[PDB]
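Below is one structure, written out as structure tokens, with a few remarks after it.
Chains here go by letter, A, B, C, D, E, F, G, H and I, matching the order in which they are written, and residues are numbered from 1 within each.
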Amino acid sequence: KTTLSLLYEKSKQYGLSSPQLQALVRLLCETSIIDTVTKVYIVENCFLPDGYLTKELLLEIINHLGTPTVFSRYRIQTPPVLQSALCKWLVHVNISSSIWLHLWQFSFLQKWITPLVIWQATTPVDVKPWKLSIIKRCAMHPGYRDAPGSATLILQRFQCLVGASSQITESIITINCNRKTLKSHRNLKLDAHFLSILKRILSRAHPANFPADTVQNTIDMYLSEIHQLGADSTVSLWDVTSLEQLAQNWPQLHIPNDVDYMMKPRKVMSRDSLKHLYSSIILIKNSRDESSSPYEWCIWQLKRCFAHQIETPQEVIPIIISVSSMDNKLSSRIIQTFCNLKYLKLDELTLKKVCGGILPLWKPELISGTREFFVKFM
Amino acid sequence: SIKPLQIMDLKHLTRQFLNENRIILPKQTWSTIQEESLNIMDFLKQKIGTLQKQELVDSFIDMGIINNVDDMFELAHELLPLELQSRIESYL
Amino acid sequence: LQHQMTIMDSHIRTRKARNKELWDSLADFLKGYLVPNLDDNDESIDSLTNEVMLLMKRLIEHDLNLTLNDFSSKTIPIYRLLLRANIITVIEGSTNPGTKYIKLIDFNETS
Amino acid sequence: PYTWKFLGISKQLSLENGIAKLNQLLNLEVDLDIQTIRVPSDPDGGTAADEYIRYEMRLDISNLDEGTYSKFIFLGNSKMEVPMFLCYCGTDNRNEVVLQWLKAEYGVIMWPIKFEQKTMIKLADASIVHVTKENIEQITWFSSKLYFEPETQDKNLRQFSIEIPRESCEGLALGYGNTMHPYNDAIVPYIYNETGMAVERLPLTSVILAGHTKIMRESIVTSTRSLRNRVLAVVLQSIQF
Amino acid sequence: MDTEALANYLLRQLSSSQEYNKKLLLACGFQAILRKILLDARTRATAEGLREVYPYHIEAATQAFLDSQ
Amino acid sequence: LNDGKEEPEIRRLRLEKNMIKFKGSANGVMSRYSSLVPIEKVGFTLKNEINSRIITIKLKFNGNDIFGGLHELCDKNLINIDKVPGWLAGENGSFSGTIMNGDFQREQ
Amino acid sequence: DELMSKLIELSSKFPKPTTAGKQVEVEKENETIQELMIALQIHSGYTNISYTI
Amino acid sequence: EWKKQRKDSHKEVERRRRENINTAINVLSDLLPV
Amino acid sequence: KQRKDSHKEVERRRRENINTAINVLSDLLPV
């Protein structure tokens, strides 16, 4: 135990690299001579991640996460409490999504796998009906107290991701949930004291890339996403999910018309990065003309703010400013239509912030008709 | 006596049952079930004497709980987590 | 766009390769690890493995005929592991006594 | 009790374009209704401004399943700014699948419907008025009650209500005389006339009629078979600028 | 509680690995018996239509199970 | 009913009128919206005779300080302060009953 | 403005937007086989579970 | 269907009958001195 | 031991009370 005690201090001061983490967890899972309680303590405290764990390190943890069965003759024995603690440390730090769900059905892992399967799944293609069947199976089968609450979370995550399927409420009605696990599974262990050591280790090792502070923001993005649900080729504009994959099918990419879904603000790149390019895509897919749907959307949403039909007037004001900067032929109609004093009476404050951000950009177009119209405004 | 289950024990058993299928039961039924649980403990002790695997299997087959050792470990798998049934299947 | 024009100015093989790789990696997993871990009948791996491929092909086709009974005791621990795998069930069976009936949903189905 | 979800339309669309191609995505038959009638804004005469077009269809095969029943009722104009709106009841996948199909078809985008005091009270006027087969207008009355929930600190006054027996409703309209808008001239002023509170300025939560309708700003609830025509028309003018 | 607690109670009443497994199986059988009795009582109550189940249904179901077995 | 920015002196006098009719004095017998005795629930009933028939209006209030709450609404110009009656202003408080001919009758 | 003009020209230069069944069946078979291998390896606690495509 | 229309008419008649009793007893309570 | 009451029963008692009040009121009527 003296060597292990020295290892704990050495691992605490110098952290643990990704090759070191997988080598240590392999040796820890290989032998069971040491006590089970100190094996849990090693993963919980002695293990120190650097940035985010690599896929191979996650795969090695997946190997050791398997619960002991009658098929344990050649496998290396691992206590269920060690397996629960091994995945608990994973909470602290397409094919992958399927791996987690097959690991989630185990009783001692359902409380810690549940965040992992949500993180890896970000596309509707990963949602399959047979996965939901396994989820509801683990939910209904008794003896798994933490399953139905965790089952509902994965059910909601899959249903919201696909966006078009049969209602999952019937799969939650047939199962019994006290909702105390659902609240617990929704929450993620912050581990604030562990976070400082994680920051220093990511600043130290190994390549100073893919920092976990950014992953912590992604974890916060993961945390926000979990809470809201709990409580060549011819494809569409949103059927793509990667920027590089969008370039290949660009000559054959057709755009469906869902305007504000463009405007209203991991294994595969997130959608948020695409929507910034999506606005420019429509600006280049369609030439600047009065018949463009997004251009008409800007006019319609502007009228909503003046009449206070929108929930909050300033929600779309920054979006309109960015779009209306260009299109001198259609920047005038933003001003010409709304420079009348009748709109001023409805709301003088909203007119000010849209007037000041467009007039410096705008160019003269009308030879006559427009000096007097503006002079009338003064 | 000490053996008959308390109210919370029956509540947890019916929580397992609810996980199997949503079933509603009232309070005084828990005290009635506790008394009849002492009675059924006597029933089972007279049903199952000195603990032998074949003896217990035959007793539960006669009682209608199971049909064979297959149903034995199937019910064990239904009512319990994985590792205990790995142990059971090693034993059975 | 300019690079795309430069490409313009200047698949099925991997799917078949994956099919052979996944099939080979499957049989190796069963014979190499799964059957020895089964350790039934004094580790008669050759006899135990032969049932494993048939059960696999029935599972690959997602056949619903799997049952505790009408099968050898060698296949039971693999199938009992499948019962404990928490991937397939419906309820305890009634037409055939002493058996909890199974159901398997196709992996290829997508909603 | 059927809860109605309201929703508007940006520009006028054509809906009978492809009832054959609206079904294969859904895998069952959907019928069509074409209908237009007179909506007299003034009994003396009506201009072309009341020219209204209404559509109606459903998505079902099972009449026994009353719970899984939904209707999409359309109505609107073509000469003012906002052409039309729409309403539906019930929660199901059928309440949205067609909704995406015309999400990407016409380019019209949706928005929740907002109600305030200038509109909320006048809905009950269209609810209580009745029309017969001989174009004769008589009013079926109901004992209306109002819900008030004023925002305040200390929660000193968090909710209070006003109830009017509708025989007293009868005694108020008759005193004013024959009126087509009873709540303009018999009821709403009388509350200000006696107690001195302005109904419209105060935050109003709900207007409840006696077993006929259930009006709240978030959504309108009615126990009738299907919504009427004057209700839709007054909603249309209210959401108009 | 757990089936482990039921097995512990049963071994306390009676007084290795195989003995513990036998206790676990007996506790599972006890769980099945209790579930069957409760299901019978609830079916009787729902057939009657009472707002709350009453102990006489429980007594009738338990006596029927005792006499049948 | 129909509505210009009020003078601060006019604003002060307008705010003084509200306090006179709910507290009884400019300074107040007794924050400023708390009354002398808070009450929870008071339900009035107003009956008047118009054209040889009776018109009945029933008012029910619920909260922590009913007459304190009405005072704040009059400050926000939601309720006219000139037309509020005596019983709504706090007179014979904590007693709910029918009112006729300007006379208050307690509930039997 | 001139960047938009050049990009419009480039877009106009590009084309307008618009055994296969055996290959689809092979892909579906690969999906089923990889899912089942992952599941069984997790059930048995295999020490060499990796991403299968 | 026809049954649904008959049920709706029955419900309306029942509501009218219920409201008539309330109106009559309101008139009576008006007539009482206490 | 046993509970012998219901929300259904009390409403029937209230309805019977209302009915007998109507009856005793109608007794004094001449017709």
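What we mean here is this: a contact is a pair of C-beta atoms (placed from the backbone, for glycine too) under 8 Å apart; a residue touches a chain by one contact, two chains touch by 3 or more.
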Notebook entry, point to check: Tell me, which chains sit next to both chain D and chain I?
Noted result: none
Next item on the list: Tell me, please, which chain's centre (mean of its C-alpha atoms) is farthest from the centre of chain C?
Entry: F
Checklist line | Chain pair with more C-beta contacts, C-G versus D-F | finding: D-F
Next item on the list: Determine the centre-to-centre distance between chain B and chain F, using the mean Cα coordinates as centres, and give it in whole Å.
Entry: 68
Item checked: Whole-Å gap between the CA centroids of chain D and chain G -> 49
Check: Rounded to the nearest whole Å, what is the centre-to-centre distance of chain A and chain F, using the mean of the C-alpha atoms as each centre?
Finding: 54
Notebook entry, point to check: Taking each residue of chain I in turn, which ones touch at least two of the other chains?
Noted result: 1
Next item on the list: Return the residues of chain G touching two or more other chains; collapse runs of consecutive numbers into ranges.
Entry: 7, 11, 14, 34-35, 39, 41, 43-44, 46, 52-53
Checklist line | Shared-contact residues (touching 2 or more other chains) in chain C | finding: 1, 4, 33-34, 37, 77, 80-81, 84-87, 106-107
Margin query: Applying the document's contact rule, which stretches of chain D touch chain H when the two form their complex?
Written below: 63, 143, 165, 167, 210-211, 225
Check: Which residues, counting only chain B, touch chain A once they are in their complex?
Finding: 15-22, 78-83, 86, 89-90
Margin query: Which residues of chain I touch chain E once you look at their complex with the stated criterion?
Written below: 1-3, 6-7
Item checked: Sites on chain A touched by chain C in the complex -> 69-75, 102, 105-106, 125, 127-130, 133-134, 137-138, 141, 162, 164-166, 247-248, 250-251
Next item on the list: Would you mind writing out the residues of chain B in touch with chain C in their complex?
Entry: 66-68, 70-71, 73-74, 77-78, 82, 85-86, 89
